[PDB]
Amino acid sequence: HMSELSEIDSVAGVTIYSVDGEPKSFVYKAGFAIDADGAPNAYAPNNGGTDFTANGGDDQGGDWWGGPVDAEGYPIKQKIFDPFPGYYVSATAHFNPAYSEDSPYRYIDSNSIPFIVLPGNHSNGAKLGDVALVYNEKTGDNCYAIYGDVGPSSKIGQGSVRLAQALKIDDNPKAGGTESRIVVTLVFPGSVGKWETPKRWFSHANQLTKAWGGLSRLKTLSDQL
């Protein structure tokens, strides 16, 4: 059966709908840009990372948003006990408080963790760490994911390198992603709202998805969007 949908928001021409019923959820069909932030090889001096350095800002003391900075405004460089020594520490809005601000281990590794981005000022009740079910209507592929990063308020439809892989979307931070509105994201706001191990949040996403009616329901719903 088709679901009953109620508009709650709109960003960049994409309508965001509350899905009537329980558990509480919202859904949107959008493109999928790559967010490599949090990957410990995303950014390095002299374009050494998997993204161009300037995608994180200016790494010579100017405005740098890709990750934490030192007392003089330069990006923190990874140490010998970090995954990519000498690369910059790239940050995500969601974080693990077990690690310090200057540690790559504090952030969500885009290479390994399926995560979605929501636009700033458009979380629609979701809190970082909440879970989601993500579906690619062109490949038939799906994955559970967390709300792991915050994007520009004027853009919607973006997620991690690993989520791209799971959806069979080109995962390259420089030329990957898609502008085609082929990804359906079902967010469960209020579902977690904290950092926890991937095994735990993935199990919780699985339990909510079962209770909500499974992928079969989301597949039918996707035809309405």
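Residue positions are given as counts along the sequence shown, with the first one as 1.
inquiry  = Mean CA temperature factor from the deposited coordinates, higher in 142 to 150 or in 119 to 127?
reply    = Per the PDB entry, the higher value belongs to 119 to 127.
Taking only the CA atoms, which stretch has the higher mean B-factor in the record, 19 to 27 or 213 to 221? Per the PDB record, 213 to 221.
Note to self: Per the entry's Cα B factor values, which of 54, 44, 161, 183 stands out as the maximum?
What the structure shows: Spelled out: the listed residue with the top C-alpha B-factor is 54.
Among 86, 97, 114, 104 - the residue whose C-alpha B-factor is largest in the record: Each of 86, 97, 114, 104 was compared by C-alpha B-factor; the highest is 97.
Exercise. Ranked by Cα temperature factor within the chain, is residue 175 in the lowest third, the middle third or the highest third?
Worked result: Highest third, going by the recorded CA B-factors of the chain.
Problem - Third of the chain's Cα B-factor distribution that residue 71 belongs to, per the entry - result: Ranked within chain, residue 71 CA B lands in the highest tercile.
Third of the chain, ranked by Cα B-factor, where residue 190 sits: Its C-alpha B-factor, which the entry lists for residue 190, ranks in the middle third among residues of this chain.
Exercise. Ranked by Cα temperature factor within the chain, is residue 50 in the lowest third, the middle third or the highest third?
Worked result: As the PDB entry reports it, the C-alpha B-factor of residue 50 lands in the middle third of its chain.
Point to revise | residue 157 - Cα temperature factor, lowest/middle/highest third of chain | key: For residue 157, whose C-alpha B-factor we compare with every modelled residue in the chain, the answer is the middle third.
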